[PDB]
Amino acid sequence: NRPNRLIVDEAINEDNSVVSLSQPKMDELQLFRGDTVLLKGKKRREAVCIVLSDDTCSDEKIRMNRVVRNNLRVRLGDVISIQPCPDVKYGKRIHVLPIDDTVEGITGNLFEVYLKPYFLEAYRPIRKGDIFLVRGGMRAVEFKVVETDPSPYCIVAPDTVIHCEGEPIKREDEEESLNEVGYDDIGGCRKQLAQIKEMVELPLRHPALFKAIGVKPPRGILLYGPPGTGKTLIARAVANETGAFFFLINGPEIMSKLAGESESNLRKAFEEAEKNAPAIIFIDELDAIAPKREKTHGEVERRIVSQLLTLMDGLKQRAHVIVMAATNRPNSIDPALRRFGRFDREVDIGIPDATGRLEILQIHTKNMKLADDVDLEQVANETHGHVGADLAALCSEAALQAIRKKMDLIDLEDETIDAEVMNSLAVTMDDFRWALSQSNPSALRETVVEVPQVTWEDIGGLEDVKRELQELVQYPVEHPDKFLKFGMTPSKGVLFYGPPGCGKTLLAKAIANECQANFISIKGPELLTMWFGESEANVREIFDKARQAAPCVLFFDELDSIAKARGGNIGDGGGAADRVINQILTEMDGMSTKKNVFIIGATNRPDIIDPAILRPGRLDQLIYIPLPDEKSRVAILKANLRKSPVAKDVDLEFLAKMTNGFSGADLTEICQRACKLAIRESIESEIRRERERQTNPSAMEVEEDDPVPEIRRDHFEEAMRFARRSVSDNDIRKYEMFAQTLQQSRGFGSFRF
Amino acid sequence: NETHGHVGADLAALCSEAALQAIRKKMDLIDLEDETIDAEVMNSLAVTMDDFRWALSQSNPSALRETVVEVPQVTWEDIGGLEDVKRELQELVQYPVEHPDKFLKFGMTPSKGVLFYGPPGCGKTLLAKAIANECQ
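First to last, the protein sequences are chains U and C. Residues in the first sequence are numbered consecutively from 21, following full-length UniProt numbering. Residues in the second sequence are numbered consecutively from 401, following full-length UniProt numbering.
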């Protein structure tokens with residue numbers, strides 16, 4: 021975004037040999053094909069190379085050394101104010117760094133031969149930190165000094181042979197240095213983190229501007245409180261991106277086996293960092309002395325807090341450094357730092373977003389090539405339930421799945437490193453899908469576990485209800501903007517009814533199984549702490565975990581059997597249940613995002629319903645009490661048979677006719693009874709055949725040893741005769757109560773104007 | 401196959417207990433043997449399915465060991481009548497041993513349990529104890 025920023029594309033060579041400086045580049049700047057150019061490179065990449073001006077072949081935009089820029093992590097398009105670097109002059113005997121990786125492949129004293137070829141007419145870019153084509157001893161002898169403050173290259177007489185370092189530099193250190201934590205990994209918080217970084221940088225890059233503002237510059241910046249995503253990543257990326265001696269703090273450093281040694285040491289470290297330079301204060305474990313010793317009885321902790329405040333306050337507190345408020349929990353933190361001056365500044369908070377997660381997912385994927393035909397960004401957007409910071413774990417899972425696939429498809433095969441196994445982990449969404457099936461959000465995983473179930477499509481009935489639930493899930497997922505465009509908001513919650521849990525719990529389980537996003541179920545048992553004053557705390561913690569779990573589906577047990585706040589009595593369970601209902605309504609009301617809101621509860625007793633929950637905002641969709649209709653009974657029977665070996669001798673039409681509105685659980689029980697009868701018959705036949713002779717062909721066909729491989733119509737009739745009904749006059753009364761609740765909340769008439 | 405209740409370190413402790421029971425029997429079946437400790441006799445002791453079964457009956461799962469404490473239970477032979485009920489209980493027990501086959505054939509899960517709505521106060525604890533003794 022600067023005039024000194026031409027459009028630097030990759031040069032015709034990955035080195036600086038075929039650079040194409042534009043005619044405008046060669047004109048506005050003294051950009052010769054063979055002139056030393058002090059260009060700009062990222063992560064402190066001092067470029068003093070001689071980039072060619074191949075505007076004759078094509079007077080296109082700037083062409084930059086691809087390999088050199090990649091090794092120097094340079095920005096192809098940055099404002100490379102490429103000026104002459106004749107001022108930087110090298111010494112006659114400088115500490116030239118002979119790399120062991122450079123000699124790892126070079127034959128003999130090829131270092132001396134290359135130096136002779138490099139001392140005069142080096143025929144390569146004159147810089148440091150980039151990828152320069154250096155050939156010697158039939159190998160890449162990049163035995164160059166990492167950098168020299170004056171003239172990183174030979175800017176002295178060609179015969180000024182710098183005294184090469186005796187030790188050979190191993191490739192492991194070079195790899196570790198190259199894999200630095202750049203500001204690229206600092207994405208996502210491109211608003212808050214960007215603002216904080218700009219505040220820090222302007223103070224460092226234009227402190228005169230801050231002084232000339234007339235107002236004093238900010239004395240510091242307290243960092244955002246990250247919710248466990250790992251703020252060390254941001255801190256390390258900033259410290260690498262920053263030229264300040266960021267004194268790293270540590271919780272262990274706060275421990276002193278002596279008297280006041282930790283506080284004195286911390287003060288000494290702060291003083292040393294300040295006197296050192298306009299350094300930084302990498303305040304790690306920022307949530308250690310959190311409460312400002314308000315309720316804390318620890319005098320040593322109190323003394324530490326006092327020393328910390330004295331460092332953060334008092335005379336000359338505003339040094340040329342600032343600390344990072346990497347808060348694990350801001351509620352633990354106390355106001356003794358929350359003031360701009362009580363700490364570096366007023367701190368922000370950090371949290372993950374799924375839309376930006378694809379960008380974070382993009383970075384994680386770009387870290388290591390692992391797929392070609394995989395729409396990884398598309399799937400990652402399709403998987404918005406990802407925990408965000410767990411995107412690294414998800415990538416590791418995809419890598420592990422691909423590694424298992426390849427390493428099982430072959431032997432160890434270390435020598436025959438397959439190109440598919442060498443270049444990437446996969447080339448398609450096979451590994452990604454394996455991970456996604458395997459992967460799940462770690463926070464909820466530690467919070468809760470689950471049992472498997474069949475899909476919502478794998479179960480039948482309530483097609484309108486299932487379609488409505490799916491549409492409700494998809495609407496925010498698919499076109500939340502359309503609802504914003506409609507100028508309306510999504511619905512909060514639903515209520516489920518029917519028979520007395522005749523698969524209603526099963527229906528909820530199947531819906532959760534088919535659920536695209538996260539779905540947390542609840543049971544009434546995890547409610548009350550024996551120690552009083554904590555059960556309501558447990559409810560609050562559960563609600564907070566749910567809120568942090570957004571977008572997730574909030575499922576629970578039958579609320580009529582869980583919390584009958586206006587269903588049990590006006591007076592609740594010793595105030596504990598009252599506070600639980602108050603939090604739930606406060607979960608149902610107040611002011612919150614509620615990205616994915618759901619409500620699962622069976623009409624065990626419609627009178628056990630709490631009216632506060634019954635209202636909208638607490639429950640939108642009503643618990644429609646269905647029963648197995650004759651057609652519905654036939655559908656349920658067909659669905660149950662679908663997973664079973666049924667026989668044509670059994671007539672589902674006669675089964676439905678005999679059903680006369682029997683429970684689906686009753687049908688399942690009848691199926692189980694018939695299966696048990698058939699299994700007993702088969703076992704008895706096998707035993708009889710075995711006992712027929714000491715040498716007899718016992719049960720030559722087990723499915724034929726069963727009355728049929730499929731079920732026996734005789735067994736079905738026997739089970740039916742051994743079965744009872746499910747419709748009750750008490751069930752009639754419960755249905756009547758539900759119908760009274762409905763018709764009471766039902767207005768007679770079409771209401772069409 | 402019988403030891404379907406205990407597992408892991410419980411199974412290892414059960415094996416140690418079976419060895420201890422067999423050794424105690426053999427040493428009791430012999431004298432102190434402090435003068436001629438026949439290593440052939442010790443090897444022949446080995447382990448008896450009798451000794452192993454005696455320990456296994458003596459043994460129990462560690463979780464139940466802190467949970468329940470059984471009392472004597474008469475066998476289903478001592479149980480009188482309820483022939484259909486006994487058959488149903490036996491079928492339920494056998495369901496554990498071959499239910500893989502049943503699920504493979506039909507694909508139907510078994511029932512959990514039955515409410516023994518017996519005669520009022522006729523004594524169902526007798527039935528429960530008989531089942532527990534017959535329980536595997």
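From the three backbone atoms N, C-alpha and C, an ideal C-beta is built for every residue, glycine too.
Item, Value
"Whole-number beta carbon distance between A583 (chain U) and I562 (chain U), since they are thought to touch under 8 angstroms", "Contact doesn't hold; Cβ gap of about 12 angstroms is too wide."
"Where the beta strand (DSSP E) containing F539 (chain U) begins and where it ends", "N538 to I540"
"Own chain partners of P496 (chain U) with C-beta closer than 6 angstroms, once the 5 adjacent residues on each side are dropped", "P510"
"Closest Cα partner of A446 (chain C) within the set C:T436, C:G523, C:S416 and C:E483", "C:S416"
"One or two residues paired with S40 (chain U) in a DSSP bridge", "U:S73"
"Beta carbon of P461 (chain U) nearer than 9 angstroms to that of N538 (chain U)", "yes"
"Beta-carbon proximity list for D410 (chain C), same chain, < 7 angstroms, skipping 5 on both sides", "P461 and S462"
"Per DSSP, the bridge partner or partners of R83 (chain U)", "U:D29"
"Per-residue burial, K651 (chain U) [other beta carbons within 10 Å of its own, 16 or more giving buried]", "exposed"
"Nearest neighbour of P646 (chain U), chosen from U:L527, U:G591 and U:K543 [CA to CA]", "U:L527"
"Extent of the continuous beta strand (DSSP E) run through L411 (chain U)", "Note, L411 (chain U): premise wrong, no beta strand (DSSP E); alpha helix (DSSP H) at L411 to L429."
"Within-9 angstroms CB hit, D484 (chain C) to chain U", "no"
"Distance between beta carbons of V747 (chain U) and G681 (chain U), contact taken as under 8 angstroms", "6 angstroms"
"Neighbouring residues, chain U, relative to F506 (chain C) (Cβ below 7 angstroms)", "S664, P665, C695, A698 and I731"
"Local Cβ density within 10 Å of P545 (chain U), reported as buried at 16 or more and exposed below that", "exposed"
"Cβ contact check for the region 302-312 of chain U and the region 352-365 of chain U: 3 or more pairs under 8 angstroms", "yes"
"9 angstroms Cβ cutoff, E738 (chain U) in contact with chain C", "no"
"Within-9 angstroms CB hit, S459 (chain C) to chain U", "no"
"Rounded separation between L574 (chain U) and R635 (chain U) - CA only", "17 angstroms"
"Chain B contact for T509 (chain C) (CB, 9 angstroms cutoff)", "Looking at the structure shown, chain B is missing, and the protein chains on hand are U and C."
"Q458 (chain U) and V493 (chain U) closer than 9 angstroms at C-beta", "no"
"Rounded straight-line distance, which links the Cα of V471 (chain U) to that of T549 (chain U)", "25 angstroms"
"Beta-carbon proximity check, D501 (chain C) vs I731 (chain U), cutoff 9 angstroms", "no"
"Bridge partners - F575 (chain U), DSSP secondary structure assignment", "According to DSSP, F575 (chain U) bridges with nothing at all."
"4 or more residues per run - each alpha helix (DSSP H) lying fully within the region 193-275 of chain U", "212-225, 227-232 and 252-261"
"Beta-carbon separation (whole angstroms), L243 (chain U) vs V367 (chain U), contact threshold 8 angstroms", "6 angstroms"
"Residues that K502 (chain C) contacts on chain U, provided the C-beta gap is smaller than 7 angstroms", "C695 and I699"
"Continuous alpha helix (DSSP H) stretch holding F516 (chain U): start and end", "Run containing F516 (chain U): none; DSSP gives neither H nor E here."
"Counterpart residues of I369 (chain U) in DSSP-defined beta bridges", "U:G245"
"Whole-Å CB distance - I369 (chain U) paired with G245 (chain U), under 8 angstroms assumed", "4 angstroms"
"CB contact flag (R25 (chain U), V99 (chain U), <9 angstroms)", "yes"
"Three-way DSSP call (helix, strand, coil) for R567 (chain U) in this model", "helix"
"Test item: CB-CB of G61 (chain U) and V94 (chain U) under 9 angstroms", "yes"
"Interface residues of chain U facing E498 (chain C) [CB-CB closer than 8 angstroms]", "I699 and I703"
"With 16 other Cβ atoms within 10 Å as the buried cut-off, status of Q43 (chain U)", "exposed"
"Host alpha helix (DSSP H) of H735 (chain U) (start-end)", "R733 to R741"
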